[PDB]
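Text of structure11.cif (mmCIF, C-alpha atoms and all ligand atoms) as supplied:
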data_model
#
loop_
_atom_site.label_atom_id
_atom_site.label_comp_id
_atom_site.auth_asym_id
_atom_site.auth_seq_id
_atom_site.Cartn_x
_atom_site.Cartn_y
_atom_site.Cartn_z
CA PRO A 14 61.49 86.90 135.35
CA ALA A 15 61.78 85.57 131.78
CA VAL A 16 59.39 83.52 129.64
CA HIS A 17 59.95 81.34 126.58
CA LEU A 18 59.04 82.80 123.19
CA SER A 19 58.39 79.26 121.88
CA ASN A 20 56.10 76.62 123.39
CA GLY A 21 56.35 73.26 121.65
CA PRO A 22 56.02 72.55 117.94
CA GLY A 23 53.14 74.87 117.13
CA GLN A 24 53.81 78.28 115.61
CA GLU A 25 51.05 80.02 117.58
CA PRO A 26 52.14 83.07 119.62
CA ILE A 27 52.67 82.62 123.34
CA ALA A 28 50.56 85.68 124.22
CA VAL A 29 48.20 88.16 122.59
CA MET A 30 47.20 91.61 123.85
CA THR A 31 44.65 94.04 122.42
CA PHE A 32 44.61 97.82 122.77
CA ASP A 33 42.17 100.66 122.14
CA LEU A 34 44.01 102.89 119.68
CA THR A 35 41.91 105.91 120.67
CA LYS A 36 43.55 105.69 124.12
CA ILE A 37 47.21 105.01 123.28
CA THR A 38 49.57 107.88 124.04
CA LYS A 39 52.76 105.81 124.41
CA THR A 40 53.51 104.38 120.95
CA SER A 41 56.56 102.35 122.00
CA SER A 42 57.44 98.87 123.24
CA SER A 43 60.62 97.66 124.92
CA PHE A 44 61.95 94.31 126.09
CA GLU A 45 65.04 92.14 126.49
CA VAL A 46 65.60 89.03 124.37
CA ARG A 47 68.13 86.19 124.51
CA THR A 48 68.49 83.41 121.96
CA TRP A 49 70.81 81.15 120.00
CA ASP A 50 68.13 80.89 117.25
CA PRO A 51 68.88 82.72 113.97
CA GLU A 52 65.28 82.92 112.71
CA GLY A 53 61.83 83.55 114.11
CA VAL A 54 59.19 86.05 115.12
CA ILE A 55 59.75 88.21 118.20
CA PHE A 56 56.42 90.01 118.04
CA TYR A 57 53.64 90.88 115.61
CA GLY A 58 51.23 93.82 115.57
CA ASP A 59 48.18 94.77 113.57
CA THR A 60 44.87 96.53 113.30
CA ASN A 61 43.98 94.30 110.30
CA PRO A 62 45.93 91.14 109.35
CA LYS A 63 45.26 91.84 105.65
CA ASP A 64 45.78 95.61 105.39
CA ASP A 65 47.71 96.91 108.43
CA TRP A 66 50.26 94.64 110.10
CA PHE A 67 53.84 94.67 111.38
CA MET A 68 56.36 91.98 112.28
CA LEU A 69 59.66 92.22 114.15
CA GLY A 70 61.68 89.04 113.83
CA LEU A 71 65.14 87.59 113.23
CA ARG A 72 66.57 86.32 109.95
CA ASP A 73 70.18 85.15 109.79
CA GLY A 74 70.44 86.26 113.41
CA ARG A 75 69.71 89.93 112.66
CA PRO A 76 66.55 92.00 113.21
CA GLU A 77 64.06 92.02 110.35
CA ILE A 78 60.95 94.17 110.07
CA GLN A 79 58.10 93.40 107.70
CA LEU A 80 55.39 96.04 107.43
CA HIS A 81 52.28 96.28 105.24
CA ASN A 82 49.90 99.23 105.52
CA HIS A 83 48.32 101.99 103.44
CA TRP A 84 51.51 104.07 103.39
CA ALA A 85 54.31 101.49 103.16
CA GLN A 86 55.05 97.85 102.35
CA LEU A 87 58.58 96.69 103.10
CA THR A 88 60.95 93.93 104.20
CA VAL A 89 64.08 95.31 105.86
CA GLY A 90 66.97 93.84 107.83
CA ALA A 91 69.27 95.88 110.04
CA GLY A 92 71.40 95.82 113.17
CA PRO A 93 73.86 93.25 114.47
CA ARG A 94 73.32 89.55 115.00
CA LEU A 95 71.40 88.89 118.22
CA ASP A 96 71.62 85.07 118.26
CA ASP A 97 74.77 85.08 120.41
CA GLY A 98 73.16 84.07 123.72
CA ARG A 99 73.54 87.49 125.36
CA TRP A 100 70.60 89.50 126.63
CA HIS A 101 69.85 92.40 124.28
CA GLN A 102 67.66 95.44 124.90
CA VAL A 103 65.23 96.19 122.06
CA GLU A 104 62.90 99.17 121.67
CA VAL A 105 60.45 99.86 118.83
CA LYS A 106 59.01 103.38 118.75
CA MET A 107 56.76 105.40 116.47
CA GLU A 108 58.15 108.94 116.13
CA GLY A 109 56.16 111.16 113.81
CA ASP A 110 55.61 109.14 110.64
CA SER A 111 58.63 106.89 111.32
CA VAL A 112 59.23 103.56 113.06
CA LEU A 113 62.52 103.47 114.99
CA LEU A 114 64.37 100.33 116.10
CA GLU A 115 66.92 100.59 118.92
CA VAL A 116 69.13 97.65 119.90
CA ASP A 117 71.28 97.67 123.04
CA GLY A 118 70.73 101.42 123.34
CA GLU A 119 71.71 102.26 119.74
CA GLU A 120 69.34 103.27 116.95
CA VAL A 121 69.96 100.74 114.17
CA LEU A 122 67.03 101.45 111.83
CA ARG A 123 64.56 104.23 111.11
CA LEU A 124 61.78 103.48 108.63
CA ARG A 125 60.62 106.94 107.57
CA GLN A 126 57.24 107.87 106.08
CA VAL A 127 55.61 104.56 107.06
CA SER A 128 52.70 105.75 109.20
CA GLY A 129 49.92 108.27 108.78
CA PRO A 130 48.04 110.50 111.25
CA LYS A 134 39.50 105.66 108.98
CA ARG A 135 41.63 103.00 110.70
CA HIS A 136 40.34 100.06 112.71
CA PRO A 137 40.91 101.25 116.30
CA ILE A 138 41.86 97.90 117.86
CA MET A 139 45.54 96.94 117.80
CA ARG A 140 46.67 93.41 118.58
CA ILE A 141 50.18 92.55 119.75
CA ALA A 142 51.25 88.89 119.57
CA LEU A 143 54.46 87.59 121.14
CA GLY A 144 56.53 84.81 119.58
CA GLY A 145 54.26 84.32 116.58
CA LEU A 146 52.04 85.81 113.91
CA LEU A 147 48.26 86.14 113.78
CA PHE A 148 48.18 84.78 110.23
CA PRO A 149 49.94 81.88 108.48
CA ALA A 150 53.62 82.51 107.82
CA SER A 151 52.80 81.94 104.14
CA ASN A 152 51.16 85.39 104.11
CA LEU A 153 54.33 87.26 105.08
CA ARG A 154 55.92 89.46 102.42
CA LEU A 155 58.94 87.15 102.78
CA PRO A 156 58.17 83.90 104.64
CA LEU A 157 60.23 82.72 107.58
CA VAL A 158 59.78 79.92 110.12
CA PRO A 159 58.20 81.81 113.05
CA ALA A 160 59.37 79.64 115.96
CA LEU A 161 61.94 81.65 117.95
CA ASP A 162 63.61 79.50 120.60
CA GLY A 163 64.48 82.32 122.99
CA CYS A 164 63.44 84.03 126.19
CA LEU A 165 61.80 87.39 126.87
CA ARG A 166 61.93 89.60 129.96
CA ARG A 167 61.51 93.18 131.17
CA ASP A 168 58.89 93.62 128.46
CA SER A 169 56.53 96.60 128.20
CA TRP A 170 53.98 96.90 125.39
CA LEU A 171 52.44 100.22 124.31
CA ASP A 172 50.23 101.86 126.98
CA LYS A 173 48.85 99.80 129.87
CA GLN A 174 46.05 102.37 130.13
CA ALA A 175 44.81 101.38 126.65
CA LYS A 176 44.82 97.57 127.01
CA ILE A 177 41.45 95.91 126.44
CA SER A 178 42.43 92.25 126.76
CA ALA A 179 45.41 90.01 127.47
CA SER A 180 45.73 86.26 126.98
CA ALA A 181 45.95 83.93 129.97
CA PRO A 182 49.35 84.33 131.71
CA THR A 183 49.28 80.74 133.00
CA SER A 184 50.06 79.66 129.43
CA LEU A 185 53.55 81.10 129.93
CA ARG A 186 56.61 78.91 130.48
CA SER A 187 59.38 80.20 132.73
CA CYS A 188 62.98 80.39 131.52
CA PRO B 14 94.08 110.53 96.48
CA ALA B 15 90.84 112.12 97.73
CA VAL B 16 88.44 114.59 96.11
CA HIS B 17 85.85 116.95 97.57
CA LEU B 18 82.21 115.88 97.39
CA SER B 19 81.16 119.57 97.37
CA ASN B 20 82.38 122.31 95.01
CA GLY B 21 81.12 125.75 95.96
CA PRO B 22 77.53 126.82 96.59
CA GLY B 23 75.83 124.89 93.81
CA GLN B 24 74.15 121.57 94.53
CA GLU B 25 75.23 119.97 91.25
CA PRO B 26 77.12 116.67 91.55
CA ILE B 27 80.89 116.74 91.21
CA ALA B 28 80.93 113.86 88.70
CA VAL B 29 78.54 111.80 86.60
CA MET B 30 79.16 108.38 85.04
CA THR B 31 76.92 106.37 82.71
CA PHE B 32 76.84 102.60 82.27
CA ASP B 33 75.36 100.11 79.81
CA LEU B 34 73.16 97.90 82.00
CA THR B 35 73.31 95.05 79.47
CA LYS B 36 77.05 94.80 80.24
CA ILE B 37 77.16 95.16 84.05
CA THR B 38 78.13 91.99 85.90
CA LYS B 39 79.45 93.67 89.07
CA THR B 40 76.44 95.30 90.75
CA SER B 41 78.37 96.89 93.62
CA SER B 42 80.15 100.14 94.46
CA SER B 43 82.64 100.85 97.24
CA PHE B 44 84.44 103.93 98.53
CA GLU B 45 85.77 105.71 101.60
CA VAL B 46 84.19 108.91 102.92
CA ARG B 47 85.21 111.44 105.57
CA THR B 48 83.13 114.37 106.76
CA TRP B 49 82.01 116.53 109.67
CA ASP B 50 78.77 117.31 107.76
CA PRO B 51 75.57 115.69 109.12
CA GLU B 52 73.50 115.98 105.93
CA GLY B 53 73.98 115.61 102.20
CA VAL B 54 74.08 113.33 99.19
CA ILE B 55 76.96 110.87 98.82
CA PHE B 56 75.84 109.47 95.48
CA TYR B 57 72.75 109.10 93.30
CA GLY B 58 71.84 106.46 90.74
CA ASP B 59 69.10 106.01 88.19
CA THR B 60 67.89 104.65 84.90
CA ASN B 61 65.02 107.20 84.95
CA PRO B 62 64.89 110.21 87.33
CA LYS B 63 61.08 109.90 87.51
CA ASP B 64 60.54 106.13 87.76
CA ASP B 65 63.79 104.38 88.79
CA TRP B 66 66.24 106.21 91.04
CA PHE B 67 68.30 105.69 94.19
CA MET B 68 70.05 108.00 96.64
CA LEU B 69 72.59 107.25 99.36
CA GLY B 70 73.09 110.22 101.66
CA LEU B 71 73.46 111.33 105.27
CA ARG B 72 70.76 112.71 107.55
CA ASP B 73 71.56 113.49 111.18
CA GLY B 74 75.01 112.06 110.47
CA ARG B 75 73.71 108.57 109.63
CA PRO B 76 73.29 106.81 106.27
CA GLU B 77 69.96 107.30 104.55
CA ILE B 78 68.73 105.53 101.42
CA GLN B 79 65.86 106.80 99.30
CA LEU B 80 64.69 104.50 96.52
CA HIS B 81 61.84 104.78 94.03
CA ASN B 82 61.23 102.09 91.41
CA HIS B 83 58.56 99.70 90.15
CA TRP B 84 59.03 97.30 93.06
CA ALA B 85 59.73 99.57 96.05
CA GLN B 86 59.50 103.17 97.27
CA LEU B 87 61.17 103.88 100.60
CA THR B 88 63.08 106.27 102.86
CA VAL B 89 65.27 104.42 105.36
CA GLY B 90 67.99 105.40 107.82
CA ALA B 91 70.45 102.94 109.34
CA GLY B 92 73.96 102.51 110.64
CA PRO B 93 76.07 104.68 112.93
CA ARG B 94 76.86 108.35 112.59
CA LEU B 95 79.60 108.94 110.02
CA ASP B 96 80.10 112.70 110.55
CA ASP B 97 82.91 112.17 113.07
CA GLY B 98 85.84 113.06 110.80
CA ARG B 99 87.14 109.49 110.49
CA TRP B 100 87.48 107.71 107.16
CA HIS B 101 84.72 105.12 106.76
CA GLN B 102 84.48 102.29 104.24
CA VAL B 103 81.10 102.05 102.50
CA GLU B 104 79.86 99.38 100.09
CA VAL B 105 76.48 99.20 98.35
CA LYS B 106 75.69 95.87 96.68
CA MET B 107 72.74 94.31 94.88
CA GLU B 108 72.36 90.69 96.01
CA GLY B 109 69.41 88.90 94.46
CA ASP B 110 66.44 91.23 94.86
CA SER B 111 68.03 93.08 97.80
CA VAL B 112 70.21 96.16 98.25
CA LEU B 113 72.85 95.73 100.97
CA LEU B 114 74.69 98.55 102.76
CA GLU B 115 77.98 97.78 104.52
CA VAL B 116 79.75 100.37 106.68
CA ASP B 117 83.28 99.85 108.00
CA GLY B 118 83.04 96.17 107.08
CA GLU B 119 79.70 95.53 108.81
CA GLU B 120 76.35 95.03 107.11
CA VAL B 121 74.07 97.70 108.60
CA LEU B 122 71.06 97.51 106.27
CA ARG B 123 69.49 95.08 103.81
CA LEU B 124 66.53 96.34 101.79
CA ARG B 125 64.86 93.12 100.63
CA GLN B 126 62.54 92.70 97.65
CA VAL B 127 63.47 96.06 96.11
CA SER B 128 64.74 95.02 92.67
CA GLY B 129 63.41 92.86 89.88
CA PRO B 130 65.13 90.64 87.27
CA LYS B 134 61.48 96.55 79.98
CA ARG B 135 63.92 98.81 81.84
CA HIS B 136 65.89 101.69 80.36
CA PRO B 137 69.36 100.15 79.95
CA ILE B 138 71.45 103.23 80.78
CA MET B 139 72.35 103.78 84.43
CA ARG B 140 73.74 107.10 85.64
CA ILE B 141 75.78 107.48 88.82
CA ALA B 142 76.25 111.00 90.20
CA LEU B 143 78.64 111.81 93.05
CA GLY B 144 77.91 114.47 95.65
CA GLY B 145 74.54 115.46 94.22
CA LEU B 146 71.29 114.45 92.59
CA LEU B 147 70.25 114.54 88.95
CA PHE B 148 66.94 116.19 89.83
CA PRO B 149 65.97 119.02 92.20
CA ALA B 150 66.12 118.06 95.87
CA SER B 151 62.43 119.02 96.01
CA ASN B 152 61.65 115.78 94.13
CA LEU B 153 63.12 113.50 96.81
CA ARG B 154 60.68 111.38 98.80
CA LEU B 155 61.97 113.32 101.83
CA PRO B 156 63.94 116.46 100.91
CA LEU B 157 67.39 117.15 102.29
CA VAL B 158 70.05 119.77 101.48
CA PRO B 159 72.31 117.81 99.09
CA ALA B 160 75.63 119.59 99.71
CA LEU B 161 77.93 117.15 101.55
CA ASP B 162 81.11 118.89 102.71
CA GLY B 163 83.32 115.80 102.74
CA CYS B 164 85.99 113.94 100.81
CA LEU B 165 85.90 110.73 98.78
CA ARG B 166 88.68 108.27 97.97
CA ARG B 167 89.37 104.66 96.98
CA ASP B 168 86.10 104.74 95.06
CA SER B 169 84.98 102.07 92.59
CA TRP B 170 81.64 102.28 90.77
CA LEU B 171 79.88 99.25 89.26
CA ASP B 172 81.78 97.64 86.34
CA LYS B 173 84.47 99.58 84.49
CA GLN B 174 83.80 97.31 81.50
CA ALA B 175 80.26 98.73 81.22
CA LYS B 176 81.02 102.46 81.46
CA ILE B 177 79.86 104.52 78.48
CA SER B 178 80.79 108.02 79.66
CA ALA B 179 82.42 109.85 82.56
CA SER B 180 82.42 113.57 83.31
CA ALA B 181 85.61 115.60 83.01
CA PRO B 182 88.04 114.70 85.83
CA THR B 183 89.65 118.15 85.76
CA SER B 184 86.50 119.43 87.47
CA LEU B 185 87.63 117.59 90.60
CA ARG B 186 89.11 119.38 93.61
CA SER B 187 91.79 117.61 95.64
CA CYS B 188 91.43 117.14 99.40
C1 LIG A 201 54.20 101.68 111.28
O1 LIG A 201 52.93 101.14 110.91
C2 LIG A 201 52.46 100.19 111.77
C3 LIG A 201 53.18 99.66 112.85
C4 LIG A 201 52.59 98.70 113.66
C5 LIG A 201 53.29 98.16 114.75
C6 LIG A 201 52.96 99.00 116.01
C7 LIG A 201 53.33 98.21 117.27
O2 LIG A 201 54.76 98.48 117.51
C8 LIG A 201 55.17 99.50 116.55
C9 LIG A 201 53.87 100.22 116.19
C10 LIG A 201 53.45 101.14 117.36
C11 LIG A 201 52.27 101.85 117.08
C12 LIG A 201 51.41 102.16 118.13
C13 LIG A 201 50.24 102.86 117.91
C14 LIG A 201 49.92 103.26 116.62
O3 LIG A 201 48.78 103.95 116.32
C15 LIG A 201 50.76 102.97 115.56
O4 LIG A 201 50.35 103.41 114.34
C16 LIG A 201 51.14 102.89 113.26
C17 LIG A 201 51.94 102.26 115.79
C18 LIG A 201 51.29 98.28 113.40
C19 LIG A 201 50.57 98.80 112.33
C20 LIG A 201 51.16 99.76 111.53
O5 LIG A 201 50.52 100.33 110.47
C1 LIG A 202 67.54 98.71 93.98
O1 LIG A 202 66.94 99.41 92.88
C2 LIG A 202 67.77 100.33 92.30
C3 LIG A 202 69.03 100.69 92.78
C4 LIG A 202 69.78 101.64 92.09
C5 LIG A 202 71.05 102.01 92.55
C6 LIG A 202 72.11 101.11 91.87
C7 LIG A 202 73.50 101.74 91.98
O2 LIG A 202 74.03 101.30 93.29
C8 LIG A 202 73.09 100.32 93.83
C9 LIG A 202 72.36 99.78 92.59
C10 LIG A 202 73.30 98.82 91.83
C11 LIG A 202 72.68 98.26 90.70
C12 LIG A 202 73.47 97.96 89.59
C13 LIG A 202 72.90 97.41 88.45
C14 LIG A 202 71.53 97.16 88.41
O3 LIG A 202 70.91 96.62 87.33
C15 LIG A 202 70.74 97.45 89.51
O4 LIG A 202 69.41 97.16 89.37
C16 LIG A 202 68.61 97.68 90.43
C17 LIG A 202 71.31 98.00 90.65
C18 LIG A 202 69.28 102.22 90.93
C19 LIG A 202 68.02 101.87 90.45
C20 LIG A 202 67.28 100.92 91.14
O5 LIG A 202 66.04 100.52 90.73
CA CA A 203 63.76 79.51 114.80
CA CA A 204 75.53 119.34 104.24
#
Write-out of the structure in structure tokens:
Amino acid sequence: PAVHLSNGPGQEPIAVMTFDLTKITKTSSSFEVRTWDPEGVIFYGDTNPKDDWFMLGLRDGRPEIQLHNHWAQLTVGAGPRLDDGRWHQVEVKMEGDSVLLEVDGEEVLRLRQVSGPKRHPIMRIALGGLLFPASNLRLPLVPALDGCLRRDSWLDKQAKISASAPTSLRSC
Amino acid sequence: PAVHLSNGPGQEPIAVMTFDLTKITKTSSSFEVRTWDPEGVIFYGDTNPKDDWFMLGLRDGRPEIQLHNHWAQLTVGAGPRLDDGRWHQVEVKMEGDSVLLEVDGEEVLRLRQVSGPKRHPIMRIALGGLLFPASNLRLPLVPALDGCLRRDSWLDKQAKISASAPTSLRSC
């Protein structure tokens, strides 16, 4: 059961979820993605769109992470091209103070010393788009990602406060 | 013709080279490395060991870059394990404002927005060690890298001011 990561011309995400950070024990997300599109946003996360946000996307077909928080501000590409039309497994995990990115079962990137142990305790996760204008990225891209998403798990179901309407979704 | 990246117990680099930055047109370095060692420094670069330095090393067998300058400060792992005893081609290039890392002919990491266009115009490159105590790294490691280095080219020969004695080197 797959859903489109893009719905029409607009750049708005296809879904948003909110979580209570005081109740998250599983700090990882995993999904499968398929696309012929070399550029776009896969998902976005934040507790504050000005001071504490994260983006996983594609640029030139390869994963790109942009991160801006108290401890780190970076724009990093890594891993192989994923715009080949094959399904790819992706996992993003927080391990200690590091963010790990695994692609097709292989760790391709570890951003060390990017997270601390004060913080707004509501985390939003947006799929297929950002929760601010693309102009506010560290390095702008065009967020629309013409691809499909399946087998997707986001953080801890036990900590979810809200989830956007699922009837917005468009089957693949 | 290969040389050891480690010489005895000391952590000192096996070689140091200095370059005139006003005369560097080729902002890349390339070499082959072979090792069974999961941790250590491959090479170090700086114009200032306090304010503008760079380290390429291994941690848990995989490439790690530490960088500290005016524009960026980061600790990032990427790429596959290289401590398998096979020769591996490595290239580090500055492209625009980004540092690229290629391993065995594949781009594995692109640190974007990490270099500017004021700066001390002497760059040092040290092989097999740092030019400050490992304690001053963003994330300490044990610098000794029991491996061998060959087919190595460093920046622009036309810009080199000085190079350490080559009779210090130990054949592999
Ligand atoms: C690395 O820094 C950030 C990463 C993110 C992105 C988050 C969503 O998928 C990766 C991350 C998971 C995660 C879950 C609970 C957390 O408490 C947490 O804390 C950082 C991180 C958002 C804001 C940041 O500051
Ligand atoms: C990214 O930032 C740095 C990278 C480095 C490491 C340098 C040596 O191998 C990669 C780099 C090549 C290079 C050559 C000439 C340059 O003028 C230059 O400028 C940055 C960079 C040292 C200091 C930094 O600030
Ligand atoms: Ca696109
Ligand atoms: Ca070692």
Produce a table with one row for each residue of chain A that has an atom at most 10 Å from any atom of ligand CA 203 (chain A), each row naming the nearest atom pair and its distance in Å at one decimal; use all atoms listed in the file; arrange rows by chain and rising residue number; format as a tab-separated table.
residue	atom	partner	partner_atom	distance
A:19	CA	A:CA203	CA	8.9
A:48	CA	A:CA203	CA	9.4
A:49	CA	A:CA203	CA	8.9
A:50	CA	A:CA203	CA	5.2
A:51	CA	A:CA203	CA	6.1
A:52	CA	A:CA203	CA	4.3
A:53	CA	A:CA203	CA	4.5
A:54	CA	A:CA203	CA	8.0
A:70	CA	A:CA203	CA	9.8
A:71	CA	A:CA203	CA	8.3
A:72	CA	A:CA203	CA	8.8
A:73	CA	A:CA203	CA	9.9
A:74	CA	A:CA203	CA	9.6
A:157	CA	A:CA203	CA	8.7
A:158	CA	A:CA203	CA	6.2
A:159	CA	A:CA203	CA	6.3
A:160	CA	A:CA203	CA	4.5
A:161	CA	A:CA203	CA	4.2
A:162	CA	A:CA203	CA	5.8
A:163	CA	A:CA203	CA	8.7
Store the residues picked out above in a file with C-alpha atoms, as a compact mmCIF listing (two decimals), in the coordinates of the input.
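This is the output file selection-v6.txt:
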# COMPACT_ATOMS: atom_id res chain seq x y z
CA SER A 19 58.39 79.26 121.88
CA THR A 48 68.49 83.41 121.96
CA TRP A 49 70.81 81.15 120.00
CA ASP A 50 68.13 80.89 117.25
CA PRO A 51 68.88 82.72 113.97
CA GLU A 52 65.28 82.92 112.71
CA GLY A 53 61.83 83.55 114.11
CA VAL A 54 59.19 86.05 115.12
CA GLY A 70 61.68 89.04 113.83
CA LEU A 71 65.14 87.59 113.23
CA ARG A 72 66.57 86.32 109.95
CA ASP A 73 70.18 85.15 109.79
CA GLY A 74 70.44 86.26 113.41
CA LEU A 157 60.23 82.72 107.58
CA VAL A 158 59.78 79.92 110.12
CA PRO A 159 58.20 81.81 113.05
CA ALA A 160 59.37 79.64 115.96
CA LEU A 161 61.94 81.65 117.95
CA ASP A 162 63.61 79.50 120.60
CA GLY A 163 64.48 82.32 122.99
task = Please identify every residue of chain A that has at least one atom no more than 8 Å from any atom of chain B, counting all atoms listed in the file, and report them as a VMD selection string.
result = chain A and resid 85 87 to 93 120 to 126
Next, write the just-selected residues to a file, as a short mmCIF file (atom, residue, chain, number, x, y, z; two decimals), keeping the file's coordinate frame, keeping C-alpha atoms as the atom set.
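Output contents, as saved in result17.cif:
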data_model
loop_
_atom_site.label_atom_id
_atom_site.label_comp_id
_atom_site.auth_asym_id
_atom_site.auth_seq_id
_atom_site.Cartn_x
_atom_site.Cartn_y
_atom_site.Cartn_z
CA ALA A 85 54.31 101.49 103.16
CA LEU A 87 58.58 96.69 103.10
CA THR A 88 60.95 93.93 104.20
CA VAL A 89 64.08 95.31 105.86
CA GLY A 90 66.97 93.84 107.83
CA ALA A 91 69.27 95.88 110.04
CA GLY A 92 71.40 95.82 113.17
CA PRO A 93 73.86 93.25 114.47
CA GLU A 120 69.34 103.27 116.95
CA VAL A 121 69.96 100.74 114.17
CA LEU A 122 67.03 101.45 111.83
CA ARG A 123 64.56 104.23 111.11
CA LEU A 124 61.78 103.48 108.63
CA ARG A 125 60.62 106.94 107.57
CA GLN A 126 57.24 107.87 106.08
#
query = What residues have any atom no more than 8 Å from ligand LIG 202 (chain A) when counting all atoms listed in the file, and can you list them as a count of residues only?
reply = 32
Long-range neighbours of range 173-177 of chain B as a JSON list (two decimals) with C-alpha atoms, in the frame of the given file, 6 Å cut-off, all atoms listed in the file, 6 positions minimum in chain:
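Saved to selection-v8.json:
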[["chain", "number", "residue", "atom", "x", "y", "z"],
["B", 31, "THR", "CA", 76.92, 106.37, 82.71],
["B", 32, "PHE", "CA", 76.84, 102.60, 82.27],
["B", 33, "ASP", "CA", 75.36, 100.11, 79.81],
["B", 36, "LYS", "CA", 77.05, 94.80, 80.24],
["B", 37, "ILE", "CA", 77.16, 95.16, 84.05]]
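Here CA of residue 99 in chain A is placed at a distance of 11.8 Å from CA of residue 165 in chain A.
Counting from CA of residue 56 in chain A, the distance to CA of residue 94 in chain B is 28.0 Å.
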message = Quick check, in Å to one decimal: how far apart do atom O4 of ligand LIG 201 (chain A) and CA of residue 109 in chain A lie?
response = 9.7 Å
Determine the axis-aligned bounding box of all atoms of ligand LIG 201 (chain A) present in the file, pad each side by 4 Å, and express its centre and edge lengths in Å to one decimal place as AutoDock Vina command-line options.
--center_x 52.0 --center_y 101.1 --center_z 114.3 --size_x 14.4 --size_y 13.8 --size_z 15.7
task = Fewer than 5 positions away in the same chain doesn't count, so skip those; otherwise give me all residues within 12 Å of residue 187 in chain A, counting all atoms listed in the file, as a PyMOL selection string.
result = chain A and resi 14-20+27+163-166+182
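Residue nearest residue 98 in chain A, chosen from A:181, A:46, A:30, A:55 and counting only C-alpha atoms: A:46.
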